[PDB]
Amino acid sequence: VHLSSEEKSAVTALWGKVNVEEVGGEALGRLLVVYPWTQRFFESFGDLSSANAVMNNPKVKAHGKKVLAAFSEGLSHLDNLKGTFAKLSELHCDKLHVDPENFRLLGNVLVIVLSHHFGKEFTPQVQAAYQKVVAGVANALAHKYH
């Protein structure tokens, strides 16, 4: 993904303020609530039969943390997303059969959660740069389908 220095500074500055424990859990939790077919992939986490069960579930928070840590890694490797995410794409595509459209939904939910957390600071301009980033990450996760 190709960001101008202006875009990259903006993404990086905001990203340094992110609480990864908190944000990843809220993003993964909202994914499972808003798009309820996604709960099928996480059946082993226990009961996900309600918003309140999903958002209090410790495996969901711990997993959200792992997802966001992987996103952070993608952020300092933007010009090599494909190589960085190769094994991760293999796992999601070959072993888990996750349709690529679900990678886009999780990226957009993370953008919602950033807006929710940061308020005014998440300007339209900062948003626009993050959209480039989440699309880059979604693409990298899907490349093993190509």
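Just count from 1 along the sequence shown to find any residue number.
Enquirer: Quick one: higher average CA temperature factor, 119-127 or 18-26?
Expert: Going by the record's values, the stretch with the higher mean is 18-26.
Enquirer: So, looking at the entry's B-factor column for Cα atoms, which has the higher mean, 56-64 or 43-51?
Expert: Higher mean C-alpha B-factor in the PDB entry: 43-51.
Enquirer: In this PDB entry, which of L114, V34, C93, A69 has the top CA B-factor?
Expert: The C-alpha B-factor peaks, among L114, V34, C93, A69, at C93.
Enquirer: Could you tell me which third, lowest, middle or highest, the C-alpha B-factor of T84 occupies within its chain?
Expert: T84: CA B-factor falls in the highest third of its chain.
Enquirer: Give the position of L106 by CA B-factor within its chain, expressed as the lowest, middle or highest third.
Expert: Its C-alpha B-factor belongs to the lowest third of this chain's values.
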